[PDB]
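Residue numbers (the authors' numbering), protein chains in the order written: chain A, 34 to 142; chain B, 34 to 142. Even for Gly, the Cβ is constructed at its ideal location relative to N, Cα and C. Notes follow once the structure below has been shown.
Protein chains: 2
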Amino acid sequence: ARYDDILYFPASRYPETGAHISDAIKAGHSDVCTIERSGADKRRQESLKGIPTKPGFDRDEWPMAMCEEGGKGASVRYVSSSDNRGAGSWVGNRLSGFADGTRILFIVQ
Amino acid sequence: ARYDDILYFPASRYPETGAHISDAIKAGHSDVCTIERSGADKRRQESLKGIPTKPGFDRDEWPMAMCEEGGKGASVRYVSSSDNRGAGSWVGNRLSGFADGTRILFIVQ
């Protein structure tokens, strides 16, 4: 199988983050996050190099920095801070129990 | 004087747009639009770089793209489409008689 677990991303709750994820996946970036937490600080810095903050927004990365698939080449878009914080918590809390190397398919619904 | 004419933005009719304008002005973005229409397409594209479209909402810029003050660094917020369409028409129509270079103070009432 190409994944170990599925997460159904709640676009109804977090529609802007959800739309970025869907957009990024329509564009060929991976729908699977292979959890890798030790190198996430580095990937974020790679994905966001040259992208400044914007007030009212967070810089959303897909694939995420906590995934082997993240870092350079990641799709980066501004998402309204409330939407992206809620998404970040939802995803963080749902992945916290899986070990590094667990392959998580994301389905945006 | 620092302006040539005043517009009293009708927050009762367009409260979401009005709220963004009021917030952005509180944040130090100019309360004066110096009308400049030739460069408006480019300012708009600059203010919205990396901000995706969102269904049911418009990307509202303050300062507006039709102002010298707009473009890079403009405050952007998603505003519901009905409120922002009506606002944009209200402003557009009330400024249509003024030449480029006219300085309009906005007061949100």
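Where does residue i sit, in a helix, a strand or coil, going by DSSP?
| i | result |
| --- | --- |
| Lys82(B) | coil |
| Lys105(A) | coil |
| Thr135(A) | coil |
| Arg110(B) | strand |
| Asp91(A) | strand |
| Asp37(A) | coil |
Taking C-beta to C-beta, are residue i and residue j nearer than 9 Å?
| i | j | result |
| --- | --- | --- |
| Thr50(B) | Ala120(B) | yes |
| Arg136(B) | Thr86(B) | no |
| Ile84(A) | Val109(A) | yes |
| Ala98(A) | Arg118(A) | no |
| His62(B) | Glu102(B) | yes |
Quick check: what's the CA-CA separation for residue i versus residue j?
| i | j | result |
| --- | --- | --- |
| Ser80(B) | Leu128(B) | 21 Å |
| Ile58(B) | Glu94(B) | 12 Å |
| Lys105(A) | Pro96(A) | 10 Å |
| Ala44(A) | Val141(A) | 6 Å |
| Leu40(A) | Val124(A) | 8 Å |
| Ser113(B) | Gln78(B) | 20 Å |
| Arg70(A) | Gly89(A) | 27 Å |
| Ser55(A) | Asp116(B) | 27 Å |
| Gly130(B) | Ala60(B) | 29 Å |
| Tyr111(A) | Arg46(A) | 17 Å |
| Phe139(B) | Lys82(A) | 37 Å |
| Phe42(A) | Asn126(A) | 12 Å |
| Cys100(A) | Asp74(A) | 11 Å |
| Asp91(A) | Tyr36(A) | 28 Å |
| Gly134(A) | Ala107(B) | 42 Å |
| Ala34(B) | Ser122(A) | 50 Å |
| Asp38(A) | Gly72(A) | 21 Å |
| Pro48(A) | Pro48(B) | 23 Å |
Measuring from the CB of residue i, is there a heavy atom of the ligand FMN at a distance below 8 Å?
| i | result |
| --- | --- |
| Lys59(A) | Among the components of this structure there are no ligands whatsoever, and the ligand FMN is therefore not found. |
Can you pull out the residues from the region 93 to 121 of chain A whose beta carbon lies closer than 9 Å to at least one beta carbon of chain B? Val109, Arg110, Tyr111, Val112 and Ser113
Near-chain A residues of the region 58 to 85 of chain B (beta-carbon distance less than 7 Å), N- to C-terminal order: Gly83, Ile84 and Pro85
In chain order, what residues of the region 40 to 58 of chain A put their CB closer than 9 Å to some CB of chain B? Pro48, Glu49, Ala52, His53 and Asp56
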